[PDB]
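Engineer: give me coordinates for this.
(3 chains)
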Amino acid sequence: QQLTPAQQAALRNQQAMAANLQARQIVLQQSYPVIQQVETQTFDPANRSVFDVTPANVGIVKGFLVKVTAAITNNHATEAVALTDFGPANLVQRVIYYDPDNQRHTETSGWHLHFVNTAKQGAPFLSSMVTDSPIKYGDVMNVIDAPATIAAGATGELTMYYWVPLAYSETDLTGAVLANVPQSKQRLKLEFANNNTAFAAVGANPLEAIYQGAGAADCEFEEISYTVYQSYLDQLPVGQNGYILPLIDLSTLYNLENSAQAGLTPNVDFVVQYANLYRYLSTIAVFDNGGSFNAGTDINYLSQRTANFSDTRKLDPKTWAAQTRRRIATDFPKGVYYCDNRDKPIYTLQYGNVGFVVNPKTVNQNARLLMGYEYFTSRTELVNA
Amino acid sequence: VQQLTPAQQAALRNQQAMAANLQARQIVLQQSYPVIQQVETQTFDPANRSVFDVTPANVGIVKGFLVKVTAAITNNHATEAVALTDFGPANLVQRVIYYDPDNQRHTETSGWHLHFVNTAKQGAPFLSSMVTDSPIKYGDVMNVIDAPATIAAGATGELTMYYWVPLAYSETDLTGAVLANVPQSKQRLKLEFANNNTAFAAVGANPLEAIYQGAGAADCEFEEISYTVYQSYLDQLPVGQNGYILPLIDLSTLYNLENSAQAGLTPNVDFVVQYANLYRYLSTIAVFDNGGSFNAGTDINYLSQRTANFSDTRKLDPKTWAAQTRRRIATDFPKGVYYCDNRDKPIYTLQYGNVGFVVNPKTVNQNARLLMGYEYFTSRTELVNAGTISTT
Amino acid sequence: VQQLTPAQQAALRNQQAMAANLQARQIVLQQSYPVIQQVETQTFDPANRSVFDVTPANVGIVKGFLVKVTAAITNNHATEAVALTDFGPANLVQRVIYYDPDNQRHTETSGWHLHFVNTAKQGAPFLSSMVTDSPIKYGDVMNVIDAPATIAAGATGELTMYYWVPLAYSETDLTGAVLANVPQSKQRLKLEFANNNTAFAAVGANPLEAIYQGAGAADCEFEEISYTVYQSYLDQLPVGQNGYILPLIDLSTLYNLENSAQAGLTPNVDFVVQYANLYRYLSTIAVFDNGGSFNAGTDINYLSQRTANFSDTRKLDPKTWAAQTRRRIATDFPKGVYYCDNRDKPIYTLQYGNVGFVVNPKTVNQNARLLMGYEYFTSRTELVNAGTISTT
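Structural biologist: Residues are numbered from 1 along each chain as shown, chains lettered A, B, ... in the order given. Sharing the structure here:
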């Protein structure tokens, strides 16, 4: 019945998809998950702030849990400093991962990675929820913690955790990587905060800082420590040809990346086009209004729009926030906007160019949108019809 | 490559058996009707008695019991107050034991362990009221689980606690449920309540089993305690050409909670509590009673689960261990209480001590010990003939 | 008539298999060429890091690793000195763990236990220089294993320590060796070094894991530590009509060292540490850490190894026990360290705890415990699926 090149390829993917899923299911059922420490180091960022960690080459790697602790001292004679909106999420400035073939996966900021960790959890990442329980549950272990203020002459202790994903989730191995069978070494690069990035003076932009206040100039880290734990699957199932492996899962990249866009003007639609071919699962837009971060009051509306000028969700800021409250049970910090496209990823070539839109009500000097994306990127095929 | 693997399934066999079990379970859930019914209420003074044997009704398939406990505590001290211990009202029931119609025991554990499992299964502090910014007045309106933070000298405090004693694993998984329609032989739900000797701890005394601790403890007493047991079961069971359509695997499997105590800890040395064979351990709770002191991980180097030959499958520092727990219950368990979820892949050794729970302590005080709590499945016959806990 | 006997050999069988294995081993030893090669060197400050994962080269049959460790220790105290503990430089490495290309662990033990086994295998203090009356100037010329007896206030001492991490049992017995030519999958040699928190013990503190102890300990610190790992392997493996001629039993057997800790000792009562089944225990080391005090047998009534049916096979007073050790290493191990050689007839229970190591203490201080160290062979598959240590 004269199936076309398109039809045949499609057909030979439907079987590919099924084979992949089955392989994934078998790997998950037969292998056993392991999480083990890879490396720990304690240092003063005044000495060194960039570290290249070398993960162990074993089985299928799903991701890394990075524990970061720090001690900060405010030696100002009289003034305190207070946490910025991102606070300890800025202990790590940037994270970059390269697999055994030296293919780069995620490359983004600590704050963006943290917001995605929260979005994926459905609540502030590793937080302790407050309840009326008389039994003493609560913030017992201070998993993620930082003092609200550090007074002149005081030293505060902070703890922060980041999950650097390779696999999309515990059950979806899309994006996972791969030492079964040796052979191909990296790299998990961690770029930490230092005295220059962590402390912002009054009036300075707090975006990348941990603390801001009149005592900023005299604040110093005493030390930072990190411990990287690698999560992977061991005892990979073997069948007939060798390892039973989800080939599509392992040849797909699940990455986070961020960028900055400028050119905003009052009451005009600022459109950030989605960079085609990627399957965008989520989008985070931070309106850094010249160092000011506002709770929606500087925005008329936000939206996702496709090439016909047709908006799929043009919403006022509070209604946009309402959708996010359904996703993470609370609001992201001032000026941070989130958009979930997990079930139907934004994918140009499926419906023309798409763009993320912000129509600002007020635009200060040096205003810009910091965009954070979560996406899958796959093998691209072209056909002759 | 902790070992035996997925060959445990090849061994049970009766893919036909499982297929049937599961189909029958679904028919029962679809056809029967859920009922929650009061079976007994009683008010008493702990000075006279504190152990009661409740007799459940023998009807349909029993899933579990919801036990409501209320109490009034009077601090008769002249000038000193007392304050809630970390477990507080969770210690209103000291122990629970359930015997089915065939004289087989299921759960036998402490009230606090039962409560922590209730929390683990809910995914949040059991029957708690979450705080939100809602302007609509939702909140702690009904004081479902409640206890005064302190009871001042001369004051009387009112407490309310609830426990769910499970037979069935969940509302949709009847593994562990009990068929009680079939024999006149009685069930036994034994409850041992707190009393004037266990509920109050003097300053400096171990608060593990107490509800309140403080300078006025010696003069605290129960005015009275009351309990109401509600039985949850399925009625109107579906019948077929065989008769009753029943999940035979579900009903021949025991879902139990059990506790134990282990001692012999030494600074910087791995303390290993072996898991027994034949049991499929779904969760493990380890409480580090460091000689009466309960610390937030500062007295521990790391915790882990280890298989003899491979090494550790999750050797983690205390905070990272706590991080995994935060993903399960959205908060931390009380100080010194550590949880481990193995629900998707239950610890199942086939040989005794193949699988151990590890705690390497940083500091060990006098009379230190680990109080273990387990959730497991078992083949009722295997527990009858081939089972211990406890690795010395 | 400790029991099962020489029927253990009838059971393995492959008299054809063993005959072949041994022949293949001899061909490999005869045809291949031994190589010792540096794989990694590193210098660091313990204040920043002390745990390293060394990646061995995947070539031929790996026999073991020679680890050279050098360190400079500065006593910054104003006026107090420190002196070597009994283990001294043997504590420069706190722990070692080796994982083969198949993710299977072999040795997982302490630096001091590894060192004592190195000594037991050599038949004299490992890499030591024996003193003789020779007028020719042989002697401690090269300071192979060396450490200042004391480091005075304000002084800096230089130390050198060597450890042999074995995979193969010996240069002629390849049991336990690892074939690393065959997979791109990496080996892992994990080393945890002493740090400023473990190397120095204050007067009155437990010196077990420390290098120096004394009044100036609080102000001692590492200037730096350096290590160099040398890998010993066989290259140019012989090929036949099959391909590689290899001793399959040797390469499928694990030769491991492991340690454990046991507590619960009471004056004049037999303290028994059970041996696990499946493992063929070649040697046992028991260190009586009597609450931080290490005595030369005066706190012990007797030691023994005991078998169900016969009684003890060697219940001996401490001096007579030490006499047997003098025949093995030509001297005594340090105070409180006891050795037992079972190389010719390895302890092999088939049932867990059939055999135990016994210590009947004369005096027991607070926080007393026995730190056990074992050398054993195992069938790599048996350790994977059926193994624990330790009967409490």
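Engineer: please make it C-alpha for all contacts and neighbour counts, starting now.
Structural biologist: Noted.
Engineer: the residue nearest in space to the middle of chain A in helix, strand or coil?
Structural biologist: For chain A, residue A:113 is the residue whose C-alpha lies nearest the centre (C-alpha atoms, centre = their mean; 2.3 Å). With DSSP: H, G, I helix; E, B strand; the rest coil as the basis, residue A:113 sits in helix.
Engineer: next one: it from residue A:104, what distance?
Structural biologist: Using C-alpha to C-alpha, to the nearest Å, residue A:113 is found at 16 Å from residue A:104.
Engineer: hang on, the earlier thing: what's near enough to touch the residue nearest to the centre of chain A?
Structural biologist: Residue A:113 makes contacts with A:162, A:163, A:164, A:256, as judged by C-alpha atoms under 8 Å, 6 or more residues apart in numbering or on different chains.
Engineer: measure stretch A:324-341 end to end?
Structural biologist: Taking C-alpha to C-alpha, the span from the opening residue of stretch A:324-341 to its closing residue is 12 Å.
Engineer: just how off-centre is that stretch within its chain?
Structural biologist: Relative to its parent chain, stretch A:324-341 has a centroid offset of 14 Å by C-alpha atoms, centre = their mean, to the nearest Å.
Engineer: buried residues in it?
Structural biologist: With burial defined by 16 or more other C-alpha atoms under 10 Å in any protein chain shown, the residues of stretch A:324-341 counted as buried are A:324-325, A:327-328, A:330-332, A:334-340.
Engineer: nearest to residue A:109, of those residues?
Structural biologist: Minimum distance to residue A:109 across these is 14.1 Å, recorded for residue A:336 (C-alpha to C-alpha).
Engineer: with adjacent residues omitted, what lies nearest to the closest one?
Structural biologist: Counting by C-alpha to C-alpha, 6 or more residues apart in numbering or on different chains, residue A:286 is the residue found nearest to residue A:336 once chain neighbours are left out, at 4.4 Å.
Engineer: for the helix or strand containing the one you found, buried residues please.
Structural biologist: With elements taken from DSSP states H and E, the one containing residue A:286 is strand A:279-289. Residues of strand A:279-289 classed as buried: A:279, A:280, A:281, A:282, A:283, A:284, A:285, A:286, A:287, A:288, A:289 (neighbour count, 16+ other C-alpha under 10 Å).
Engineer: dump the residue contacts of residue A:78.
Structural biologist: A:152, A:153, A:215.
Engineer: got TSV for these, with secondary structure, neighbour count and distance to residue A:186 too?
Structural biologist: What follows is the contacts of residue A:78, written out as TSV (DSSP: H, G, I helix; E, B strand; the rest coil; neighbours: other C-alpha atoms under 10 Å in any protein chain shown; distance: C-alpha to C-alpha, whole Å):
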residue	secondary structure	neighbour count	distance to residue A:186
A:152	coil	20	43
A:153	coil	16	43
A:215	coil	25	41
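Engineer: may I have the distance across stretch A:210-219, first residue to last?
Structural biologist: Start and end residues of stretch A:210-219 are separated by 11 Å (C-alpha to C-alpha).
Engineer: next one: that stretch to chain centre, how far?
Structural biologist: In this view, stretch A:210-219 has its centroid 27 Å away from the chain centroid, taken as C-alpha atoms, centre = their mean.
Engineer: isn't residue A:263 up against residue A:368?
Structural biologist: Yes - under the criterion of C-alpha atoms under 8 Å, residue A:263 makes contact with residue A:368 at 7.1 Å.
Engineer: quick one: which of the two has more around it?
Structural biologist: For the pair residue A:263 and residue A:368, the greater number of neighbours falls to residue A:368 (20 against 11), based on other C-alpha atoms under 10 Å in any protein chain shown.
Engineer: roughly how far apart are the closest residue to that one other than its chain neighbours and chain B?
Structural biologist: Closest residue to residue A:368 in three dimensions, ignoring its sequence neighbours and counting by C-alpha to C-alpha, 6+ apart: residue A:262, at 4.5 Å. Taking C-alpha to the nearest C-alpha, to the nearest Å as the measure, residue A:262 falls 34 Å from chain B.
Engineer: likewise for residue A:74?
Structural biologist: Distance, residue A:74 to chain B, using C-alpha to the nearest C-alpha: 26 Å.
Engineer: same thing with residue A:7?
Structural biologist: Taken as C-alpha to the nearest C-alpha, the spacing of residue A:7 relative to chain B amounts to 38 Å.
Engineer: what's whichever helix or strand that residue is part of packed up against?
Structural biologist: Take DSSP H and E as the rule and residue A:7 turns out to sit in helix A:5-30. Judged by 3 or more C-alpha pairs under 8 Å, 6 or more residues apart in numbering or on different chains; DSSP states H and E, helix A:5-30 is in contact with helix A:247-250.
Engineer: in the following helix or strand past the helix it packs on, what's buried?
Structural biologist: Later in the chain than helix A:247-250, the nearest helix or strand by DSSP H and E is strand A:253-262. Judged by neighbour count (16+ other C-alpha under 10 Å), strand A:253-262 contains these buried residues: A:253, A:254, A:255, A:256, A:257, A:258.
Engineer: can you check stretch A:48-60 too?
Structural biologist: With burial defined by 16+ other C-alpha under 10 Å, the residues of stretch A:48-60 counted as buried are A:49, A:50, A:53, A:55, A:56, A:57, A:58, A:59, A:60.
Engineer: and that stretch, how far from the chain's centre?
Structural biologist: How far stretch A:48-60 lies from its chain's middle: 18 Å, per C-alpha atoms, centre = their mean.
Engineer: dump that stretch to PDB, keeping only the CA atoms.
Structural biologist: C-alpha atoms of stretch A:48-60 as PDB (Å, rounded to 0.1, in the frame of the first residue of the first chain):
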ATOM      1  CA  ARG A  48      39.700  29.100  45.200                       C
ATOM      2  CA  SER A  49      36.000  29.000  44.000                       C
ATOM      3  CA  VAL A  50      35.900  26.700  41.000                       C
ATOM      4  CA  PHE A  51      36.100  23.000  41.300                       C
ATOM      5  CA  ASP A  52      36.000  20.200  38.700                       C
ATOM      6  CA  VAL A  53      34.500  17.100  40.400                       C
ATOM      7  CA  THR A  54      35.100  13.700  38.700                       C
ATOM      8  CA  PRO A  55      32.100  11.400  39.000                       C
ATOM      9  CA  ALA A  56      32.700   7.600  39.200                       C
ATOM     10  CA  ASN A  57      32.100   5.700  36.000                       C
ATOM     11  CA  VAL A  58      29.500   3.100  37.000                       C
ATOM     12  CA  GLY A  59      26.200   2.000  35.400                       C
ATOM     13  CA  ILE A  60      23.600   4.400  34.400                       C
END
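Engineer: does chain C have contacts with it?
Structural biologist: Yes - residues of stretch A:48-60 are located near chain C by C-alpha under 8 Å from any C-alpha of the partner chain, namely A:57, A:58.
Engineer: now swap in stretch A:217-230 and tell me
Structural biologist: No - residues of stretch A:217-230 contacting chain C under C-alpha under 8 Å from any C-alpha: none, with a closest distance of 9.2 Å.
Engineer: residue A:235 contacts residue A:31, correct?
Structural biologist: Yes - with contact taken as C-alpha under 8 Å, residue A:235 and residue A:31 are classed as touching, separated by 5.0 Å.
Engineer: once you drop chain neighbours, what's closest to residue A:23?
Structural biologist: Across the structure, with C-alpha to C-alpha, 6+ apart as the measure, the residue nearest residue A:23 apart from its sequence neighbours is residue A:246 (4.8 Å).
Engineer: now do the same contact list for the one you found.
Structural biologist: Going by C-alpha under 8 Å, 6+ apart, residue A:246 touches A:19, A:20, A:21, A:22, A:23, A:24.
Engineer: ok, now residue A:284?
Structural biologist: Contact criterion C-alpha under 8 Å, 6+ apart gives A:112, A:336, A:337, A:338, A:339, A:370, A:371, A:372, A:373 as the residues in contact with residue A:284.
Engineer: please enumerate the helices of chain A.
Structural biologist: Read by DSSP state H, chain A holds these helices, from start to end of the chain: A:5-30, A:110-121, A:195-198, A:247-250, A:317-328.
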